[PDB]
Amino acid sequence: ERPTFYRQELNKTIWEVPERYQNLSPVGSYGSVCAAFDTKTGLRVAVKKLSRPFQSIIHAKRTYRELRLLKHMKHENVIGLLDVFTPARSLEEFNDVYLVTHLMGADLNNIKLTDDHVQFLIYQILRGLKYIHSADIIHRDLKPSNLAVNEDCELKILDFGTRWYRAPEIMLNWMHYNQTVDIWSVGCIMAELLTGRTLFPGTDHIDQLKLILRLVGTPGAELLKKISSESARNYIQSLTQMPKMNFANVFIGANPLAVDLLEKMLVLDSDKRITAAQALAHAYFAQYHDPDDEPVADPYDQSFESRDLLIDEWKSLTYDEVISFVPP
Ligand SMILES: Nc1ccc2c(NCCc3ccccc3)nc(-c3ccc(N4CCOCC4)cc3)nc2c1
């Protein structure tokens, strides 16, 4: 059942892929990516050749992690795995991994948008996040360039886990953050789509926190009550007490429902931040929300993350995942 492969060089890089995929066009560079034509399905795909996937234990575990995540994602607003292949015929010669995904038109970084456009884009991000989060997965690095959009405005999240979109508790190095670090990111993205301007374009990590605190205000007593780190509490009590800004004044002219949702996403205290599922129910998405079509994910076994294995063992687990792959 093994297909016939064909070879070619692209940007000082040889590509060995099933004849199924045709007209490989480089799209730039973790991995080299080519645009291609899937003759089996008539669709345009992206083919990613991982670079040095098994170079070290850290790379090998990262390769396995990326394959396991992509094999799990089955949702309209999350990038899924169409195919995965290696030219190798055995574990012994297994050295290269190629991942095949839907070719998306552009990303949000390249795409000021109308409020109706922002509504539909953020709705789709949140629907994808509800699904990812329901599997106990956190994206951790959501940003416009990790959001693919086609000309129909259909959106998919990709490239799971720049400082401009990171939750303050990650900036301050909290070990026990929750899934709503991603909701902070969505809030930064949505703000940028509405205004045309990065919300918090910090020049470094200290400037980044200062910009965030200027908007959302310095932590309240209820939040300090929950801070364990001794420095963190002094640092918080030490810097100039900014007052929380009225978001309606900052996002002047925006739809009041958008301002209200932003207020619920950009909360400094992550215990109080809105979840993806809750945000889908916000009135801002009234014309798109469908509680019967915002599904959750099957459970995802992340137990491998806590394991310390040899480089060859991670490579063998990755090989098993290539062989066991079942296309959609
Ligand atoms: N229940 C909650 C809710 C929120 C929380 C939150 N939010 C970050 C708040 C913040 C305040 C000012 C500037 C940036 C972020 N932050 C931390 C937190 C932040 C940093 C640490 N450190 C890092 C230094 O080494 C000791 C451990 C430990 C805990 N806990 C929270 C617990």
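Please read every residue number as a count from 1 along the shown chain.
Each residue, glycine too, has its Cβ placed from N, Cα and C.
Counting only same-chain residues at least 6 apart in sequence, those with a Cβ under 8 Å from the Cβ of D159 (active site, proton acceptor) are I79, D141, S145, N146. Sequence annotations record features per position, and here Swiss-Prot assigns active site, proton acceptor to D159.
The phosphothreonine annotation in Swiss-Prot covers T13 (among others) and is backed by a large-scale study or a structure entry. In the three-state DSSP assignment, the secondary structure recorded for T13 (phosphothreonine) is coil.
Around the Cβ of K48 (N6-acetyllysine), the same chain contributes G31, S32, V33, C34, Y98, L99, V100, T101, each under 8 angstroms and 6 or more positions distant in sequence. Annotation source Swiss-Prot lists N6-acetyllysine at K48 (among others), citing experimental evidence.
Residues near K143 (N6-acetyllysine) in space but far in sequence (CB under 8 A, at least 6 apart, same chain), listed by position: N109, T162, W164, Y165, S185, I189. Look at Swiss-Prot and you will find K143 (among others) tagged as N6-acetyllysine, backed by experimental evidence.
Residues annotated as phosphothreonine in Swiss-Prot: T240 (among others). The Cβ of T240 (phosphothreonine) has 8 neighbouring Cβ atoms from other residues within 10 Å, across all protein chains displayed.
Residues annotated as phosphotyrosine in Swiss-Prot, with experimental evidence given as evidence: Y300. Within the same chain, residues at least 6 positions away in sequence whose Cβ sits under 8 Å from that of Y300 (phosphotyrosine) are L69, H72, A135, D136, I137.
Between the alpha carbons (Cα) of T13 (phosphothreonine) and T240 (phosphothreonine) lies a span of roughly 53 Å. If you draw a 10 Å sphere around the CB of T13 (phosphothreonine), it holds 13 other CB atoms from the protein chains shown.
Annotation note: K143 (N6-acetyllysine) sits in a coil segment as assigned by DSSP.
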